[PDB]
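Engineer:
Number of protein chains: 2
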Amino acid sequence: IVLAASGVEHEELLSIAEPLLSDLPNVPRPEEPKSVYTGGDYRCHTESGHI
Amino acid sequence: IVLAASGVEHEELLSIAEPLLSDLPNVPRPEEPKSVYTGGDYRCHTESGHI
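Chain order of the listed sequences is M and A.
For the first sequence, PDB author numbering gives the first residue as 260, with consecutive numbering after it.
For the second sequence, PDB author numbering gives the first residue as 260, with consecutive numbering after it.
(1) Since residue 279 of chain M is in the alpha helix (DSSP H), which residue starts that stretch and which ends it?
(2) Taking the continuous alpha helix (DSSP H) assigned at residue 272 of chain M, which residues delimit it?
(3) With a threshold of 8 Å between beta-carbons, can residue 297 of chain M be considered close to chain C, or not?
(4) Any heavy atom of the ligand NAP closer than 7 Å to the Cβ of residue 261 of chain M?
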């Protein structure tokens, strides 16, 4: 989670958002999901009213 | 056009069907439509409610 502000001073954003977010638990992040780039073809002759 | 009967004597089928089919005109037949066997793949992941 990342909180990002534009037009706010950094000491204002810590007087508000720090007492409301500090007690979420520290957990290990998971492993990032994997995939591989194969090739591929795809085609769909369109829905039967289009033409 | 071919008329085909099963259980009828051949001289009965000519007393009925001949005075009604003899005056169609004699025309040349057309050329028979052509195609070639290529290969091919096809796939359709099924309609979205079937699984």
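Backbone N, C-alpha and C define an ideal beta-carbon position, used for all residues, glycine too.
Structural biologist: Checking against the coordinates, here is how it stands:
(1) Here residue 279 of chain M belongs to no alpha helix (DSSP H), and DSSP marks it neither H nor E.
(2) 272–275
(3) You won't find chain C in this structure, because its protein chains are M and A.
(4) This structure lacks the ligand NAP, and indeed carries no ligand of any kind.
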